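**Q**
Residue numbers (PDB author numbering), protein chains in the order written: chain P, 1 to 100; chain v, 1 to 229; chain t, 1 to 229; chain u, 1 to 229; chain p, 1 to 120; chain q, 1 to 120; chain a, 1 to 182; chain b, 1 to 182; chain l, 1 to 106; chain h, 1 to 106.
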């Protein structure tokens, strides 16, 4: 696949693509004559879906990154540090802890 | 094929071929919003790039049978035979030693011309050959009563004459040029045709052609011009 | 370094390098009393002159290690390494005898290109290599809604598109061109980039760039155009 | 002979030869009804074509007697001797091995220049020789009080100065240029003369000349510019 | 070149006067067709306020910038309404238009508006 | 593209009415922020005489060249003061401006000046 | 039947609008022989032009305000009695102060409509085309109605080849100690 | 409402200003189609133009003063009744004597705003850029306020290769012995 | 070492010559976690995609791309934010391997 | 594989590059049966003429032209009519023998 989890990492999908895919899918169902403009109810549904799915796409990227010590931040970084025996010193920032 | 000529309300047709084209390169163009399609074509373009010959040739062979031989290869590439008029020195020459041919046909065509000075050319898929100092039969009149614009321009050897494109004018033919200028300019009437230029438009720019000729002398020979080694 | 781009009252910065210059020649000029300094610069121009290599090569060596070795000498003269995408016939070929190298790097660079028809070039002190029928990753959209001036001009192989200078456009990349004309001209969307032209001004002559692209076929290869021996 | 100059109502005559002509090619022209006779001439043009030498030359012979020898043949074709100023390395060199000469004089004149880095030229049927970094005696002033038009335009090495044609300006001489701009350009005053350009008319286009000079350094040597092998 | 067919979700006004999605008698979702679809799309376009849609602030009608205020003007009202109706795809012409203003209610009333679509 | 934050040294007028740097109740050197910063900056711009600064003789107001003299003139004074205030970074508009002249004191008085910055 | 507008160019109001002058050009193009047979693609609509003749009570103040708004160069909506006009730029302002009118602003303003939606290089080819009239327009930073949605819909701005500013030797060496020595 | 100025171009005073003409130009640029999409960098503000019609009692003296001031080619602040203008240069002075007006000066003066702040080939770059509006501008000799400060602040002038002047042989021998002989 | 300028745009891309390789970097802001991310392509080939921009560590260490170190710095170790990264309160730096060796040896 | 656009005209003719060969395809609508036919020329010689466009099969299998497979598809097997083929309710695709082999192996 071209988006999502890939060997090089998480290929995040743009919002314009999120919207274009859903519009094309609706054309596949209702024919090229279906009305999806911003004002119509289908355009309302498409815009909202595009944005919710971009948000979910971004949360997927965050979850993917949070499995790496050099990219986790805070309690997740602590979870991954307990594989190497580092316990966040009281008041130690995430920069100093990631360094450690 | 590019047909040019005149089609008056009376008269008839004067339209002939002035260039038979194998497309060179094309490209559209806006000017405002227009779309002008700019063509460049090919003349012998099949033979300038895909004509290659195959020849052992023996001693004793005359000096024209293998012009036929080379035209065989350029005929494989769709070239017609024009008029061939070799120098008299050429027509009678024979051989002592054999004649490599391996590689580019046009290349060693040119080395022919420089070897002893004859012209060869391709004129609308047709190959003509003339001597350096000679020309081919065929004459065309150019006068203020027969298509002359401006002066008949005088040059070192011959003339440069403008006229209305009107299709007979071929390279390696003769022009008889008359005017009220040439007389006091003491210049002949008969010239060979060496350079041909066609510039024209359908709407605005008249059909215009310009011909450069190197003058024929008293001995029925062209004033070659001093060839510099 | 010549940085060009757009700096709108809102927005931000679009400015990037369109040419990194090693000064070629400069000269001042009056028009009235003005003083215009006409600069010409150099692109890999230290390599086109002072780069000379030193090379024995043994048998059996793969077919890229000595692109690296030549880049060693070009890098002595300050050139960077770009993307090298060799032909498949190249990537897998091996050897039988030794490979003379004495004289001019650019000389026998060109003979490389002629030896199997791959392109190599220098792009702002960076060296890229592509196959004759190939291109490099990277795409650019050109539409009446994304910076198109006029029609996408159609040509035999591909297109010639004008746009506002806006700095991504680099040779050996891909442009996806859309319009209301190309559809009835049935011409595709993806083209390689082969020629780049930048012309513009600060006051009057806006930024214009023109890109020549040779179309990509269905098979993901460029329409090379009939190379002539 | 093409004699140019100024003939003021008082004063006297400033007319001198700016180009001595061996006719190259002439051609009349109508514009309306006019007849403009467009001449092209020849500069040493008998020597550029018909000068061929014959030389066995032995060892031990100094390195200038045979500039005299080549000038013998170039003098058979009506060329005069100018000033010869060789490089010091040249003036003192002798010989180990013999010195072929068969073919064309100008051709191996050029190889002369490329081989010891010196200039030779023909200036109105007179042949001069200078070093690459040197010049010949003779100075000429160009100032807003002495015929200066605009800038003493500054360049990489020297200058390019426009002025009223006034005949002395020859290649391989020195020009002292003054203005109100060169001072803040910190550019010197003495420059060799390398390029000479004459454009003028009798009615409207005033006599204008443009001189390109490469600056002389503090060492009395010309700023050659980087010669690229 | 016959007019392409169009389709969209149908909106019908409920008992509160608010246009809502509807399921027809058979119970399957109701879709409007070529001409009714264009009419309803024109209504949905007229009912939008300029700058309201966060993905495209250039769509909508400039009601609050032009007409709603202290400036009753029939000419600009006619212009705004006719432009928005005409820009709807599938609409060819407007053949009639009337506008009047009720000062008591401060109601701007455009009525007797006849629209001809590409389906004739 | 929000308005960037600005900060500068605070100046408060002392018992003689001259503006000087101040220490707030905490005792640390007081700094002004986004909009009061632009206001105080406009004051320091208005109070500077043209050609006064040795590093840049182009900053300052031409108080002495244009207004201070024998030529009471409201349009010119208004133009000069507005130019100086509007050229201040962060100022977008001047909504009001009144000006008068007391001949007895020879006092030129500009009041009722409302300035709108990019912080709204 | 006029719009009954307010007599103000952009933010700067005017006391009198003396005359409005509208122009709407189409440029046609033609070659030598009539070239047609289902080709009408060759006709270009030019930007509209407006010429106002205006006057104002506050001469100097209005001249200054008009000059400042002109030098801003920000397209704006223009209200005329005959139409609205979006994205206008004041290409010219002229004023005359003579005996007939010495204490007022009395001059002319020329405005041309702008033309755009084309920059390109920073803009990519990933999804929709936007030409389809039955679909929404492509989400782009410019036409988003909020800063957050602008960030979400920013297709991307691609500066060309960049050169990094070098770091002074001691600062750089200290920073390298801080990072790669700790 | 007008500025109520002193009625003179530059230093040379005039008796009457008969008419002012003010012009401010903004050049837009447009390619054959509308190319936009976050691009309005294509608009240039031209230098302002002024055309005064003036008359003076001392015809010959005022004409001579005007011509001399024009030929100094020194930019100056022009006070008009509609705006103040910095850096104006007189491009044309025209004067007519005829039956109607023979013993006074009567004519037209044309002035134009000057563009500037770019030479470079004699200036260098070492530190700050100058485009930051929260910082002071770069100190330079042009904008220093005193001779000493200009000496301190001079960025330094750098024009190309010099050619020294050769010395006469005997003077050179005397000088070289004077220094390098002891 | 060098500093890599960052524009005030939620998504930006540039190209730089790092150890004489064409390195195309694409930075994009993820609002949901309010953090910056980078993809790195070497000579047109995407080698790193969707990595988090974090201060105080070498971002390219895991990959062995041979193009030096690319790291962020801030005065008090703040993390890179939508506002803070373009303003220059967090700076992006590229350090060459030789420079790193020299500092480590010094 | 590549999708091929169809214009909304009864007769049309385009050129494409398939397996490194230039192929000229003409599409002509027959009104009597409400169907389409295609002619195909390789390097200028018409090698196929008057072939109905049918769904779900390789239209070039009989010919061994070496340019892969050209076929039609739809959502639910609707036949390609006058209006259905331009509108994209039925679509024309080309795939290579390599892709076909690899997909069958899957």
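The C-beta atom is built at its ideal place from N, Cα and C for all residues, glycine as well.
Just tell me which of a:152, a:143, a:44 has its CA closest to the CA of residue 32 of chain l.
**A** Checking every option, the nearest Cα to that of residue 32 of chain l belongs to a:152.
**Q** Find the nearest neighbour of residue 52 of chain l within the set P:80, P:56, P:70, judged by alpha-carbon distance.
**A** Comparing Cα positions, the closest option is P:70.
**Q** What residue from t:175, t:106, t:105, t:91 has the CA that sits closest to residue 136 of chain t's CA?
**A** Nearest option by C-alpha distance: t:175.
**Q** So is residue 1 of chain b in contact with chain q if we call contact Cβ pairs under 7 angstroms?
**A** Yes - at least one Cβ of chain q is within 7 angstroms of the one on residue 1 of chain b.
**Q** Roughly how far, in whole angstroms, is the beta-carbon of residue 112 of chain a from the beta-carbon of residue 91 of chain a, given that I think they are within contact range, below 8 angstroms?
**A** So it is a contact: roughly 5 angstroms between Cβ atoms.
**Q** Can you tell me the Cα-Cα spacing of residue 50 of chain h and residue 114 of chain v, whole angstroms?
**A** Looking at the two C-alpha atoms, the distance is approximately 56 angstroms.
**Q** What separation, rounded to the nearest whole angstrom, lies between the Cα atoms of residue 157 of chain b and residue 87 of chain u?
**A** For residue 157 of chain b and residue 87 of chain u, the distance between alpha carbons rounds to 37 angstroms.
**Q** Between the Cα of residue 155 of chain v and the Cα atoms of v:215, v:119, v:52, which residue gives the shortest distance?
**A** Out of v:215, v:119, v:52, v:215 has the C-alpha closest to the C-alpha of residue 155 of chain v.
**Q** Under 8 angstroms between beta-carbons, which chain u residues line up against residue 29 of chain t? List them in chain order, please.
**A** Result: 151, 153.
**Q** Name, please, each residue of chain P whose Cβ falls closer than 9 angstroms to the Cβ of residue 68 of chain h.
**A** Residues of chain P passing the Cβ test: none, with the nearest at roughly 24 angstroms.
**Q** Short of 8 angstroms in beta carbon distance, which residues of its chain neighbour residue 118 of chain u, apart from the five on each side in sequence? Order them along the chain.
**A** If we look at residue 118 of chain u and ignore the five residues flanking it on each side, its Cβ neighbours are 86, 87, 90, 112, 129, 130, 131, 132.
**Q** Mind checking residue 128 of chain b: buried by the 16 CB within 10 Å criterion, or exposed?
**A** The residue is exposed, with fewer than 16 neighbouring Cβ atoms inside 10 Å.
**Q** Just verifying my parser: in three-state terms, what is the DSSP assignment at residue 192 of chain u?
**A** Correct three-state label for residue 192 of chain u: strand.
**Q** Can at least three beta-carbon pairs, one atom from the segment 16–26 of chain u and one from the segment 54–71 of chain u, be found at a separation below 8 angstroms?
**A** The segment 16–26 of chain u vs the segment 54–71 of chain u: no contact.
**Q** Which complete beta strand (DSSP E) runs does the segment 83–112 of chain a hold, if anything under 3 residues is left out?
**A** The qualifying runs are 84–97.
**Q** Return the CA-CA distance between residue 5 of chain u and residue 165 of chain u, expressed in angstroms with no decimal places.
**A** Rounded to whole angstroms, residue 5 of chain u to residue 165 of chain u spans 7 angstroms at the Cα level.
**Q** Taking the beta carbon of residue 23 of chain a as the centre, do at least 16 other beta carbons fall within 10 Å, making it buried, or is it exposed?
**A** Exposed, by the Cβ-count rule.
**Q** Is there a Cβ from chain l that is less than 7 angstroms from the Cβ of residue 126 of chain t?
**A** Output row for residue 126 of chain t: interface = yes.
**Q** Buried or exposed for residue 105 of chain t, going by 16 or more other Cβ atoms inside 10 Å?
**A** Answer is buried; the Cβ neighbour count reaches 16.
**Q** Which one of l:62, l:72, l:66 has the shortest CA to CA distance from residue 6 of chain l?
**A** Closest option to residue 6 of chain l, Cα to Cα, is l:72.
**Q** Considering only residues of the same chain and omitting the five flanking positions on each side of residue 70 of chain b, which have a CB-CB separation below 8 angstroms?
**A** Closer than 8 angstroms at the Cβ level, and outside the excluded window around residue 70 of chain b, lie 90, 93.
**Q** Near residue 197 of chain u, what residues of its chain come up, given a Cβ to Cβ distance below 7 angstroms and the 5 sequence neighbours on each side ignored?
**A** Excluding positions up to five away in sequence, the list reads 209, 210.
**Q** When you check each C-beta in the segment 43–55 of chain u against every C-beta of chain v, which residues fall closer than 7 angstroms?
**A** So the close ones are 49.
**Q** Would you report the Cα separation of residue 65 of chain h and residue 77 of chain h, rounded to the nearest angstrom?
**A** So the two alpha carbons sit approximately 27 angstroms from each other.
**Q** Using CA coordinates, which residue listed in a:140, a:26, a:76 is at the minimum distance from residue 20 of chain P?
**A** Nearest option by C-alpha distance: a:140.
**Q** Could you give the distance in angstroms between the alpha-carbon of residue 176 of chain a and the alpha-carbon of residue 87 of chain P?
**A** In a straight line, the C-alpha of residue 176 of chain a is about 26 angstroms away from that of residue 87 of chain P.
**Q** Assign residue 36 of chain t to one of two classes, buried (16 or more other C-beta atoms within 10 Å of its C-beta) or exposed (fewer than that).
**A** Looking at its Cβ environment, which holds fewer than 16 other Cβ atoms inside 10 Å, residue 36 of chain t is exposed.
**Q** For residue 21 of chain b, report the span of its alpha helix (DSSP H) as first-last.
**A** Residue 21 of chain b -> not in any alpha helix (DSSP H); beta strand (DSSP E) instead, spanning 16–28.
**Q** Please compile the residues from chain t whose C-beta is within a distance smaller than 7 angstroms of the C-beta of residue 33 of chain b.
**A** Neighbours of residue 33 of chain b on chain t, chain order: 144, 148, 149, 150.
**Q** Could you give the residue range of the beta strand (DSSP E) that holds residue 3 of chain h?
**A** Per DSSP, residue 3 of chain h belongs to the beta strand (DSSP E) from 2–4.
**Q** Could you pull the DSSP bridge partners for residue 30 of chain l from this structure?
**A** Its beta-bridge partners are l:35.
**Q** Taking the beta carbon of residue 45 of chain p as the centre, do at least 16 other beta carbons fall within 10 Å, making it buried, or is it exposed?
**A** Buried is the call here.
**Q** Note down the Cα distance separating residue 180 of chain t from residue 41 of chain p, rounded to an integer number of angstroms.
**A** Looking at the two C-alpha atoms, the distance is approximately 26 angstroms.
**Q** When DSSP labels each residue in this structure, what does residue 170 of chain a get in the three-state scheme?
**A** Correct three-state label for residue 170 of chain a: helix.
**Q** Name the chain P residues that come within less than 7 angstroms of residue 45 of chain p, Cβ to Cβ?
**A** Correct list: 39.
**Q** Over the uninterrupted alpha helix (DSSP H) stretch that includes residue 106 of chain h, give me the two end residues.
**A** Segment: none, residue 106 of chain h is in no alpha helix (DSSP H) and carries neither H nor E.
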